[PDB]
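Values below: all heavy atoms of this structure, side chains included; hydrogens, waters and symmetry mates excluded. Lettering follows sequence order; numbering is per chain, from 1.
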Number of protein chains: 2
Amino acid sequence: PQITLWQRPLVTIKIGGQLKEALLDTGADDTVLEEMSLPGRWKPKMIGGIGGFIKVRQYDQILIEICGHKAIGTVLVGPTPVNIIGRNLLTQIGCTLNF
Amino acid sequence: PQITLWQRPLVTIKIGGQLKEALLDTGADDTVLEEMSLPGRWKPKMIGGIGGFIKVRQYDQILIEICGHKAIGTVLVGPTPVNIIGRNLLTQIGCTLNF
Ligand SMILES: COc1cc(CN2C(=O)N(Cc3ccc(O)c(OC)c3)N(C(=O)CCc3ccc(O)cc3)C[C@@H](O)[C@H]2Cc2ccccc2)ccc1O
């Protein structure tokens, strides 16, 4: 699909048997979601940007479905104000910027 | 052009007759650049990010070239981690997300 940028590029994602709305963010290196539970082991990580840093839990090899496109990758979980889909997963769904 | 996301989508922009490196960021509503000087009066603006908020200076009708594409719009200046080209200008240069 082709998504314009007149409005925030929000899409529904399916992760851990849960449905959530997330922002397709080309400026984000990693995918970070609001507090939720995920399987497997995790590593603490600190991610920052505008406003400073937040502490998150890093889970690797996590399955996620974005706009029907399945992908696997690292998901950070923490106090983010919005669910973000970063480049680490945008690449897997073949997402590109065009102009 | 078509830009893949295996790496940060950093491009060259020109503003105030100077070249700067910036991030094409679909997750950003606005364009925010690191401290610099711009003409005219400015208005107050707060941008909410991953770690909280920051105060910035808002300048309107500013000429800016993005990857060779000329644009004229609102440019915010403040303590941002990197120069960010947000949706307000991505829409002006006809940029979209595709997959
Ligand atoms: C609302 O308009 C703007 C918001 C931002 C702040 N911002 C953010 O807070 N970040 C932080 C961030 C989040 C996730 C990541 O995986 C990530 O990895 C780099 C960074 N970004 C950025 O700041 C990009 C800059 C950057 C580059 C390298 C680095 O080491 C740290 C930061 C990405 C932006 O898209 C964006 C994502 C976002 C949106 C709403 C609420 C919270 C965050 C900004 C402008 C708006 O108009």
Side-chain angles (χ1 to χ4, degrees), chain A residues 1-15 19-36 45-54 56-59 62 64-99, chain B residues 2-11 13 21-33 47-54 56 66-67 76 80-99:
Chain A
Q2 186 172 75
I3 301 167
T4 53
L5 303 170
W6 294 106
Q7 298 84 46
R8 292 176 177 172
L10 300 173
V11 301
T12 303
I13 64 169
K14 186 180 181 180
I15 178 174
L19 295 178
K20 296 176 176 290
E21 274 214 310
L23 179 64
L24 304 180
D25 189 352
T26 58
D29 297 332
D30 323 299
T31 294
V32 60
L33 303 173
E34 314 173 313
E35 276 304 333
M36 67 174 289
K45 185 183 170 71
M46 209 77 88
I47 50 182
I50 291 303
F53 297 71
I54 57 163
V56 300
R57 271 186 277 98
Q58 175 192 309
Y59 295 81
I62 297 293
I64 302 186
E65 180 161 48
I66 313 173
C67 266
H69 294 68
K70 299 187 184 67
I72 304 172
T74 296
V75 175
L76 309 185
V77 174
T80 178
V82 60
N83 291 319
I84 299 159
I85 297 306
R87 296 187 295 100
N88 78 306
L89 295 176
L90 291 170
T91 56
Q92 307 303 97
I93 64 172
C95 182
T96 62
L97 292 52
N98 302 80
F99 63 100
Chain B
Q2 187 166 78
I3 299 168
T4 56
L5 305 172
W6 303 98
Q7 300 186 296
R8 291 181 184 172
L10 296 159
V11 305
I13 62 169
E21 176 176 81
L23 187 66
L24 300 184
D25 188 356
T26 60
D29 297 339
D30 322 285
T31 289
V32 197
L33 305 180
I47 69 186
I50 197 65
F53 293 63
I54 66 165
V56 303
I66 302 175
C67 204
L76 310 181
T80 173
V82 299
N83 292 319
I84 298 176
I85 302 310
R87 290 188 302 102
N88 74 300
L89 295 185
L90 294 175
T91 59
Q92 267 197 50
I93 63 176
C95 183
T96 60
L97 282 170
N98 303 263
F99 61 98

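In the displayed structure, A:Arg57 atom CZ is contacted under 6.0 Å by more than 12 heavy atoms of other residues, nucleotides or ligands. The 12-atom threshold is not exceeded at CD of B:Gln7, counting heavy atoms of other residues, nucleotides or ligands nearer than 6.0 Å.
Nearest heavy atoms, B:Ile3 versus B:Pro9: CG2-CB, 4.0 Å. For A:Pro81 against A:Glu34, the heavy-atom pair with the smallest separation is O-OE2, 3.9 Å. Across all non-hydrogen atoms, the minimal contact from A:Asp25 to A:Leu90 is O-CD1, 3.8 Å. When all heavy atoms are compared, the tightest approach of A:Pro79 to A:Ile54 is CG-CB, 4.0 Å. The minimum heavy-atom distance linking A:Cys67 with B:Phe99 is given by the pair CB-CE1, 3.7 Å. Of all heavy-atom pairs between A:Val56 and A:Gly78, the closest is CG1-CA, 4.0 Å.
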Can A:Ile13 and A:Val11 be said to form a side-chain contact (heavy atoms from CB on, under 4.5 Å), step by step?
CA-CA 6 Å; A:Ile13 64 169; A:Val11 301; 4.2 Å; yes

For A:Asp30 and A:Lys45, what are the C-alpha separation, side-chain angles and deciding distance, and is it a side-chain contact (heavy atoms from CB on, under 4.5 Å)?
CA-CA 11 Å; A:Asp30 323 299; A:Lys45 185 183 170 71; 3.9 Å; yes

side-chain contact (heavy atoms from CB on, under 4.5 Å) assessment of A:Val82 paired with A:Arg8:
CA-CA 12 Å; A:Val82 60; A:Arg8 292 176 177 172; over 6 Å; no

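No donor-acceptor distance shorter than 3.5 angstrom exists from the side chain of B:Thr96 to the backbone of A:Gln2, with no hydrogens or angles considered. Looking only at distances, no side-chain donor or acceptor of A:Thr91 sits under 3.5 Å from a matching main-chain atom of B:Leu5.
No side-chain heavy atom of B:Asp29 sits less than 4.5 Å from a side-chain heavy atom of B:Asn88.
For the atom pair B:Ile50 CD1 and A:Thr80 OG1, the distance stands at 3.0 Å (nearest 0.5 Å). Atoms CG and OG1, from A:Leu33 and A:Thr31 in turn, are 7.0 Å apart once rounded to the nearest 0.5 Å. Distance CG/B:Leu10 to CG/B:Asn83: 10.0 Å, rounded to 0.5 Å. To the nearest 0.5 Å, atoms CD1 (B:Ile84) and CD1 (B:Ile47) are separated by 6.5 Å. Put simply, CG on A:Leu97 and CG on B:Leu97 are 5.5 Å apart, with the number rounded to the nearest 0.5 Å. Here the CD1 atom belonging to A:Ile64 is positioned 11.0 Å from the NZ atom belonging to A:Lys20, to the nearest 0.5 angstrom.
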